[PDB]
Q: 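Right, I'll just put the structure down here and ask away after.
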4 protein chains.
Amino acid sequence: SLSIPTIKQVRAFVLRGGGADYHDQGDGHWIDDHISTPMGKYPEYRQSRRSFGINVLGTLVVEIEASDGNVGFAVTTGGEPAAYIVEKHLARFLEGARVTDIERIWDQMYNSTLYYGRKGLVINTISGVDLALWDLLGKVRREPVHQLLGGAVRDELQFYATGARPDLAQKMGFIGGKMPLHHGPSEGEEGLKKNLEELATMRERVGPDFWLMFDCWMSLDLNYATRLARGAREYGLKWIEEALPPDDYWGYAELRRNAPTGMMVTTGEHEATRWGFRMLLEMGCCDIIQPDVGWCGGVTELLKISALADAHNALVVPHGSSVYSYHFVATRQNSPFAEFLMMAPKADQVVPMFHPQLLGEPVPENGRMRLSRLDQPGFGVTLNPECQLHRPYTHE
Amino acid sequence: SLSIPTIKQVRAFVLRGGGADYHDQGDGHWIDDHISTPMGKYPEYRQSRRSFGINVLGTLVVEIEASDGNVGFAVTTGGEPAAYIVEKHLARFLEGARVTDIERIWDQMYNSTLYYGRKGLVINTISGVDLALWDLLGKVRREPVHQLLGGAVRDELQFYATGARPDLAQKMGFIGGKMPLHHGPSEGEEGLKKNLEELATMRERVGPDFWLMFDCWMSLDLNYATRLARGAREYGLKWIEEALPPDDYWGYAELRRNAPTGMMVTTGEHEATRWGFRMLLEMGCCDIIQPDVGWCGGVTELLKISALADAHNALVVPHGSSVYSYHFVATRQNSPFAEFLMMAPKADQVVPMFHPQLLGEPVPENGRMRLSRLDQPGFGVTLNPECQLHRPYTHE
Amino acid sequence: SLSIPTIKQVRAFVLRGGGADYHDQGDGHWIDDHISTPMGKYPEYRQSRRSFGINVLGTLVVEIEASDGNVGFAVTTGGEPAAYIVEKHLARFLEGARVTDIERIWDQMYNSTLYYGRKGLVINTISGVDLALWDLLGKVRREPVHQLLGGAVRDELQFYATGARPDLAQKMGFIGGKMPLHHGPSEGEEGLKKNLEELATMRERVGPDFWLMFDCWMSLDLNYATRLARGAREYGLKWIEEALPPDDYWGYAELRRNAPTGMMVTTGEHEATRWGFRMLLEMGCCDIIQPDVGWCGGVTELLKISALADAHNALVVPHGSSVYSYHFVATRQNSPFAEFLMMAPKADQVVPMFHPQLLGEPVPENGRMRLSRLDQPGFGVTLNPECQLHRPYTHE
Amino acid sequence: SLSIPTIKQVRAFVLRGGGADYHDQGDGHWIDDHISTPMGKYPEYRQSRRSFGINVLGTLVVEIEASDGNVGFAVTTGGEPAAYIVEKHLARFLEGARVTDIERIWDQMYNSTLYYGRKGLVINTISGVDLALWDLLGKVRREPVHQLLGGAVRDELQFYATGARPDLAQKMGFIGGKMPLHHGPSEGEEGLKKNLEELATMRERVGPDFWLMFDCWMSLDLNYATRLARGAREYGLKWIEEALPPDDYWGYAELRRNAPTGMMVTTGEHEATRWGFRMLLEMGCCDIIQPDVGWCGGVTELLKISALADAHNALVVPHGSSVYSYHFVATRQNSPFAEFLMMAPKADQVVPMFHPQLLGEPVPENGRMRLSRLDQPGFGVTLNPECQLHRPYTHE
Ligand code: NA
Ligand code: NA
């Protein structure tokens, strides 16, 4: 017998520069420094990911106003094409609904966009609406999102750090260091040696116990990944992440079989929905699944993905997605540690992931975050008023 | 921002005489009239389920008092042995916890009782405590439980009725009638003819379109179930329910292959946890899963079970458990209709399912329940003060 | 030693009203008349597909100008969000390339968009660029596209007709009639009877031999599709098409097993790339695969999809996509007949499919098309100058 | 719009002495120096492949004259028996056809010869005719064949060299050296040691990084191949090629499982058609497929084979067939390097592969071939007028 507000209006905005699009940069950043990609077989696209257009979309901001004056928002990747989808297509299912109608809303967004959806941009868009809906609901109930997700199961988050400097991540208190791979199969035996040299160097600097992992960003083939993982076992690599293109379900299962015993094969960043993850889990593709909350369907969908993994006794370590991941992973038994992305250009200082777009964003202190930092309603952040919002589309 | 109360005490009561134990009944009920069981191979044990001791436990009542004065409660089947387990084992994980610590508490309960749990009585007990925690959280929040489970996805529930008179159920506006099987394999060819005559009689009464189903209460073998299912094709039987003992996963998968095409094989009321239902789904055992919320692991666990069935594109139609089902199934895309047990002795009028235990319990009117009937906090019921609770155990 | 031109400029335009978006209508059309969809479980979205936003995108026109003054174009579904992708992302891979660089271009478009692509809108966009590239190449060589695809293997195309009136399609010379399904699972036994009545009526009108098929537009579940196909065998239904959501690979394989012997199960309209079709073929999902040229990756990708099917000895009967399908299917041994979509509102006269957008569009005469009608360079059509082109984005 | 010439005549010639028959050689060649074969279990047949009759056929030359005066040609292995087949069987499908009728003609050739084809000599003949049709179409169009096959995907080919001197191949700038096996299972433990000493010697000469490969010409059994592969691990053998007879699909799949992890198993030079290569890929027989364009079904069929390997994410590295490979592999994303046979007797200098048959034949310079070297129409070669063609058959 609480008075549940209805949704008055949904708006989509475009923002540009850093934030929820991680690869929307323009400087001397590690995240654009010769990262191996599927495009790296072309020499002219090898140095920079921005050169093939990793930064083309920008940030989608979804804002949902309720009848009580509460506003939820989320940031994700999608920019102007995603804003068109929110305003012209998706908003019709939201406006006039109760803020508790979350299951209904997701299903309607998914079913209505199926003919041009399933994976990719359209699912990113759905996810951003979903996140904004969970933020709004938390704001309405005056509760952090983790309290709406069955409550935290640990009083502290522990992080590994993703970036070019695991050695410095160690000095900053993190439990591990995930490095990007810099050389793909088209650089032959020399690029392989270089990959292994980088790992050797970092291992020498950190000692035998600190976790090291490679992120390969879809860039290898089965034989190269097999040979890299075999080479890597000398330096105690914990896992090889996203070795293959996301459509290569058969390849991942082969790789996992051919991996050194005790080394993990992980994927799932570019996978969407319960049915994408069912395929990974059932085919044996995967030791850990690593969906992006903002790209896999949102919190609502990730909840079902996570329970799928629960039945499979698999780990779920989501893509670092600032508060959108922290509130989720706090509540999951199958998520014992979390990813933090190093968004400083030299990966040499801890910096908020969604700067400058977000305010109230907590960050790991000495590689940890107390649950008591996640005490504010919704996802506990506000949109920075200094950020320049464009609304390219309207509806009625 | 909202201040979250802690759990002050947990109490375990025993009630006897109807309610949550469906089979805790007096004389002259359909539910004890010659129902086919695994025990019917003994003629001494064939007429009455009470004679082999279907009614030995009765009702466990779990009460949880929060620090703000709020009290959540749930009823399930388990009685005095379950009450030992709540008071002496389980209450240690609850007392002093925040009322939102739901995922944690479940995990602690399951993992601490593993050495003597996994299935059966201990899971019933965990489910009861879990249901009481959801009741409490709903009461704290001043929201019905469906609003905590992602919102309703439909305006209205629609019911089939379970009992010996689907012809009367049709007049009362139900969509379907499920009838208990009365003869098992040991009664031979005459039993088979009697089973099918019973179905023929009801089909003649109801017309061609009305759904008819058989519930076999684990009582068959593969070949009898196959032949029963084949004979029932002529009268358009919609599904065969719980044909086989719940450990016979291999059998269920064979029966579903052997089934007349278009006819469903259903099970799972005597199955528990995500891993039990993973076996069922992955082995292709059934078209519909039918867990009892009060026997399978509670709302917390059913949530994961339901997500697993989402991924498998299977239906979940929970074994009717009054308000504990109703609030759940309202929210699930994969539960499009619901079970209503006909708890009247002659099955000739709608009676509240968990009568006389629960005050304020909604019933189907004309086979339907508007979602506005479930607008009261928690599961929307109060314990009948005219019921006399025994407390067999305390704890420090 | 021909002088091969390079690509000067790519442009993306938006058009609205009919054409390459088939469901972009606004009248009394059969194609929006109570078609069963995944959204049909909601009564308010049941009557009209436009009500959930099937028409939200519009038509993408991709125009590619070469250095010799030749211009290729294609029309597909995608509208303004697709136009953004063409102009801002994709055009960089095309401008400065030789017009023969088709394999290189496709791979670069696919690999660069993988992080937000794989299926759906992004693949539609790629397909439209690809089609425009093949049109351009044909214009340059002064040859129809079928001559660039290994040449036609038949001198005539034979069509079935998709629409609400197979009886009239028969009088117009077509070999078959594919009808849309009007009632889904949520309309229960009554909607089933109605579906079967429609098929009964049409069968009575056409005689025993004329092909009848159902298109279900992703709208059923396994049991409903199983029961519909079993019901349908009395009236000699040739195939059931797109019964299930496109992610339900496991469901399709089950359905195909449970189909009446000799009845075909088909899908693939909402499937993309070689790897999507590999999954369908290998899992046994499918008797015929039915990709849309404008949605599966374009001609370049469909060529590999088709050769996959060749190895599988499976039929490929693409979605009717006017000239974009006719030039392709002419050359394929595994494509012995073709789809024609009935774009007249009452499906009562043969009408060009991409009217008003295209000029020079051939249409079946008496259910057939001579290969001699496909004698003009490229896909042999021109953009109607009366159509109102908007260019919402530019680049440099 | 461009007027398409018809096929006027087809002629079949026989040449002897090098060229397209690799094994049609005189004395003192490495390619006949004690090469391990299935016949080496007979000591009488161990020293020389010519002694069991590797050289019995020689070169089939197929010439096709179009009505505009253009003449296409191809060389493959088959000689006088193949020439019977071209003239008496196959020419009926070609004469009077448009030169673009390539898919049709292939299909007619395959389907008319099925009763005595499927594999082997008849497929060689079909491949020769097919290659000549592509030559003709290129000459008609005034385009090289790579521009008809979707365009080059790379600026440059890179080669490994096949012959008894990979040490000399390294100095000549090749990326790799593949060496023939000289001892098979019947030569026992000493043969095995000799095989590995040979590899050790080359590894010492070339350094650690240069690719080394063994080509076993069908000569092993499973256990010998497993033990050979295991011994070769120490010297970093990149792949084992054609270890087993081509009918032993089950064997290849076992060997690849038994292989040292990271080492590739390759086959397919003596395999033909899409269905042969489907068996190979689906059974997990090999990491690289290696068809000969002149033995597998021609360019038309290789195109489908290549697409099947695309879907399987496998590499296609065709068995070097001079310009017929080079034009093909230029276009394929899945052929990143290419084979060059060292046709010099002592393998000490680059000699044109199909010398003395083909005038204008390009060679690798420094292990590489710029795409600008293949700028001449068709396959860019002319028949050497100093070669003396026999015409054993005519036809009406
Ligand atoms: Na039951
Ligand atoms: Na070879």
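FYI, side chains are in, hydrogens and waters are out, and symmetry mates aren't considered; it's all heavy atoms of this structure. The chains referred to below are lettered A, B, ... by the order of the sequence lines, with proteins before strands, and numbering in each begins at 1.
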Q: If I measure from the heavy atoms of chain B, does C:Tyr224 come under 4.5 Å with its side chain, its backbone, both, or neither?
A: neither
Q: Closest approach of C:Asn258 and B:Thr261, non-hydrogen atoms and distance?
A: O-OG1, 3.7 Å
Q: Between C:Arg230, C:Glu190, C:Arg257, which residue shows the highest count of heavy-atom pairs closer than 4.5 Å to chain B?
A: C:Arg230
Q: Would you check if B:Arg154 and C:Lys41 make a side-chain contact, meaning some heavy-atom pair closer than 4.5 Å?
A: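 Heavy-atom side-chain distance check fails, nothing below 4.5 Å.
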Q: What's the spacing between C:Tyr249 OH and B:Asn313 CG if we round to 0.5 Å?
A: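 Here the interatomic distance stands at 12.5 Å.
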Q: What's the verdict on side-chain contact (heavy atoms from CB on, under 4.5 Å) for B:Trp211 and C:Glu189, showing C-alpha distance, side-chain angles and the deciding distance?
A: CA-CA 9 Å; B:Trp211 299 352; C:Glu189 299 302 311; 3.7 Å; yes
Q: Around C:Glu204, counting heavy atoms of other residues, nucleotides and ligands shown, do more than 12 lie under 6.0 Å from its CD?
A: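 Atom CD in C:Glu204 is not packed in, count stays at 12 or less.
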Q: Other residues, nucleotides and ligands only: do more than 12 of their heavy atoms fall within 6.0 Å of CG on C:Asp33?
A: yes
Q: Atom CE in B:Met263, atom OG1 in C:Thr226: separation rounded to 0.5 Å?
A: 13.5 Å
Q: Nearest 0.5 Å, what's the CG-CG distance between B:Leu315 and C:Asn223?
A: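 Going from the CG atom of B:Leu315 to the CG atom of C:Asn223 covers 8.5 Å.
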Q: For B:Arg256 and C:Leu222, which heavy atoms make the closest approach, and how far apart are they?
A: NH2-CD2, 4.4 Å
Q: May I ask you to check whether over 12 heavy atoms, not counting those of C:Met264, lie within 6.0 Å of atom CE?
A: yes
Q: Answer with side chain, backbone, both or neither: which region of B:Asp209 has an atom nearer than 4.5 Å to a non-hydrogen atom of chain C?
A: both
